Amino acid sequence: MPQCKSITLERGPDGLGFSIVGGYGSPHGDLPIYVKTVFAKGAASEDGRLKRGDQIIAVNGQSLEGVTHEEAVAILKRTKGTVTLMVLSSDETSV
């Protein structure tokens, strides 16, 4: 049961505190942008919502549809202030 969530983070000194994989023309194929790891002690982890496997659909309303890996990183890293991520998330959680 895949659901849409809005997750709001304040950057720490280490950024949003997660990594991404995927992207149009990515080494794995033409993929959406997926959260891979949520780092211990970072903003995404302290917030407690974002998780491995979440697909980042938008960043402060700016769509990631069809973007390359590098495009997604630029949007994620340059977007100013409080960051609201629109994500598509699964019911299941990896452990």
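In the PDB header, X-ray crystallography is given as the technique by which the entry was determined, and 1.83 Å as its resolution.

Computed from the structure, the largest pocket encloses a volume of approximately 220 Å³. For the largest pocket, the full set of lining residues is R11, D14, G15, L16, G17, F18, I20, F39, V73, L76 and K77. Ranked by residues supplied to the lining of the largest pocket, first place goes to helix α2 (residues 69-78) with three residues. The class makeup of the residues in the lining of the largest pocket is six nonpolar, two polar and three charged.

Before going further, it helps to spend a moment on the environment of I57. Among the structural elements, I57 can be located in strand β4 (residues 55-59). Take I57: its relative accessible area is 22%, and that puts it in the partly exposed class. On a C-alpha basis, the gap between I57 and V87 in space is 5.2 Å, while along the polypeptide they are 30 residues apart. In this structure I57 touches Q62, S63, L64, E65, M86, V87 and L88, once residues within four positions along its chain are discounted.

This brings us to the pairing of strand β3 (residues 29-38). The sheet contact formed by strand β2 (residues 18-26) and β3 spans six bridges and is antiparallel. By the bridge assignment, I20 is partnered in β3 with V35. In this antiparallel pair of consecutive strands, β2 and β3, the connection spans two residues.

Structurally, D54 can be placed in the loop between α1 (43-47) and β4. In this structure, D54 is buried with no salt-bridge partner, the nearest side chain bearing the opposite charge being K51 at 5.2 Å. Of note is the side chain of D54, whose polar atom sits 2.9 Å from the backbone nitrogen of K51. Non-local contacts of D54, meaning those with residues more than four positions away in its chain, are made with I33, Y34, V35, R49, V87, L88, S89 and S90.

Procedures and definitions
- Residues numbered from 1 in each chain as written, not as in the entry; some residues may be left out.
- Heavy atoms only, no water.
- Residues with missing side-chain atoms left out of burial classes, pairs and counts.
- 1 Å grid on protein atoms, 1.4 Å probe; cavity = no way out; pocket = protein on both sides within 12 Å on 5 of 7 lines; lining within 4 Å.
- Points joined across faces, edges and corners; volume = space filled by probe spheres on them.
- Helix = DSSP H or I, 4+ residues; strand = E, 2+ residues; numbered from the N terminus.
- Nonpolar A, V, L, I, M, F, W, Y, C, P; charged D, E, K, R; others polar.
- Buried < 20%, exposed > 50% of the residue type's maximum accessible area, 1.4 Å probe, protein only.
- Contact = heavy atoms within 4.5 Å.
- Pairing = 2+ DSSP bridges.
- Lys, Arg positive; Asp, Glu negative; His and termini not counted.
- Salt bridge = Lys/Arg side-chain N within 4 Å of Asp/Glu carboxyl O.
- Polar contact = N/O pair within 3.5 Å; in protein donor to acceptor, adjacent residues only side chain to side chain.

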